[PDB]
Each structure stands twice: as C-alpha cells, then as structure tokens.
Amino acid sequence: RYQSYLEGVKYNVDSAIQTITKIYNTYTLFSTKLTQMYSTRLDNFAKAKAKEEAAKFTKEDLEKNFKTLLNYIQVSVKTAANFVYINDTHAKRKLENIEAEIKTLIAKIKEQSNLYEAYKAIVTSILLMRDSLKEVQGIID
C-alpha cells in the first residue's frame, strides 16, 4: 500500500533522471556538430555532413523531452503527496520545488528562437536538477 507509493515515486524519479541525461546527451551531440561544421581539420564533404546533422536537431524534440521530464515529476509529486513520515515528506518537498523549476525552464525555452541558445539556457539547471533527484532517491530508499 504505502510501499507502492514509494515504488511509484522511485520509478518516476529514475525515469526523470534518465530523461535529463537524454537531454544533456542531445546537447553534447548538437555541440559537436556545430564544432565540426566550422572545423579547419575536416574536408568539405565531412563539414557538409555535419552542417546537415546540426540542422536536424529540433526545438520540438527538446520540448517533447521537457514535457516527458515534467510529466514524470508531476506523477512523482502526486504520488508523494501521500507520504506521511519525516524523511519522505522532505522528498515530496524537494520534488515540488523541482516541478516548479521545470516549468520555469520550459518557459525559458519558449523565449529563445535559437535552438542552441535554448539548450544553453537550461543545461546548468538540468544538471543540478539531476543531482537533486539523485538525493531524492537516497532520502526514500
């Protein structure tokens, strides 16, 4: 009963952590394509392929990943609202703080026309958020 709440929060927090890693790995890959397409060491064929690849990253994909992240945390918060003990109510409080931050990041992404700039606006925040979510996992398990 109460165990299924703890299990549900653990699953959704783990999925949120994975989603952040997916977003950060996308940023890393995007960055390398932008570097490659202006590189002086690469030939024209290779730079052209890198320019094509840099153009295939979408704001839609970033926004989808952020909606996936928000949804995992929102389920975590709804489930954690059933927590009653001193340590797991603290986990619930951290998750609500993280939910609010995710909404702020989704708003920041909207106000950036340039996709790389949108990633740059959120990378520090999501890296810190992943660490905070790792703390949450320890607080309850």
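Counting begins at 1, following the sequence as shown.
Q: Could you settle it for me: does 38-46 or 73-81 have the higher average Cα B factor in the PDB entry?
A: Going by the record's values, the stretch with the higher mean is 38-46.
Q: With reference to the PDB entry, specify whether the mean Cα temperature factor is higher for 95-103 or for 108-116.
A: 108-116 has the higher mean C-alpha B-factor.
Q: Highest CA temperature factor in the entry: which of 56, 33, 67, 59?
A: It is 59.
Q: Check where residue 89 lands among this chain's C-alpha B-factors and tell me if it's the lowest, middle or highest third.
A: Middle third.
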